[PDB]
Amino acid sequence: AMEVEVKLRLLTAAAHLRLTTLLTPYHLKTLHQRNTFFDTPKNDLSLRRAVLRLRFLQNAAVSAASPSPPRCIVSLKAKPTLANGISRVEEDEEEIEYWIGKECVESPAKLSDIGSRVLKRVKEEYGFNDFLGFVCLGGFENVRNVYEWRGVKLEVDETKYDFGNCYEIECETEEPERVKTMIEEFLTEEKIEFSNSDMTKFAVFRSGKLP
């Protein structure tokens, strides 16, 4: 399925602080995310412009009385385009058990035990019989604030790489040009410095430096 989202870079931590402060009345939830990625040592998926990700996440305000495991989501993203602050990608995602997700990080071959259609698709589309040749590339942490604002869900990200923090605003939408304009007018009015995001979080991770 084709996913579309507006993707804007917030240019400083101060801009990000100002934004999160202003959006506080619209706050829906806060997600703590850890993203991990998988490929062959020869970057077979990356060369076919495919990204295979296991995300571990928890709601920061999860009930203290009723604890639950962190959620684990496997996602395959393919045929990406990112230009003019609009990201388009073919995406397939599926939830899996926390414990098996964690074991796949240490042993990517175990990705076949899962019996996940997403991973069956990786095999069939890209010509793998199994994940015996895969490594975990590692990954990074993200704090995602979700807001319900002017009819859309805004996602404000603080991505914490080893080489420093990056800040983004995202919005999933079928009307990216209208929504992008709406967001930009707001940021402009509030003097929150921004630009188009021209790199995915994974690309920034792999570059090993701030964009």
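Only the largest set of C-alpha atoms that superpose within 1.5 Å between the two forms is called the rigid core. Note that residue numbering begins at 1 and tracks the sequence as displayed.
Peer 1: Could you tell me which of the two stretches, 109 to 117 or 90 to 98, has its Cα atoms lying farther from the shown structure in 4 other deposited structures of this protein after fitting on the rigid core?
Peer 2: Stretch with the higher C-alpha RMS distance in 4 other deposited structures of this protein: 109 to 117.
Peer 1: Between us, would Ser66 come up missing in a third or more of the other compared entries?
Peer 2: yes, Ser66 frequently unmodelled elsewhere, at least a third of entries.
Peer 1: What stretch has the higher average Cα B-factor here, 89 to 97 or 136 to 144?
Peer 2: Higher mean C-alpha B-factor in the PDB entry: 89 to 97.
Peer 1: For the C-alpha atoms alone, is the average B factor greater in 35 to 43 or in 56 to 64, going by the entry?
Peer 2: Taking the mean B-factor of the alpha carbons in each, 56 to 64 is higher.
Peer 1: Which third, lowest, middle or highest, does the CA B-factor of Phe163 fall in along this chain?
Peer 2: Highest third, going by the recorded CA B-factors of the chain.
Peer 1: Taking the C-alpha B-factors as the PDB entry records them, is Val118 in the lowest, middle or highest third of its chain?
Peer 2: Answer is highest: the recorded C-alpha B-factor places it there.
Peer 1: Which third, lowest, middle or highest, does the C-alpha temperature factor of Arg49 belong to within its own chain?
Peer 2: Highest third.
Peer 1: Please place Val105 in the lowest, middle or highest third of its chain according to the CA B-factor in the PDB entry.
Peer 2: Lowest third.
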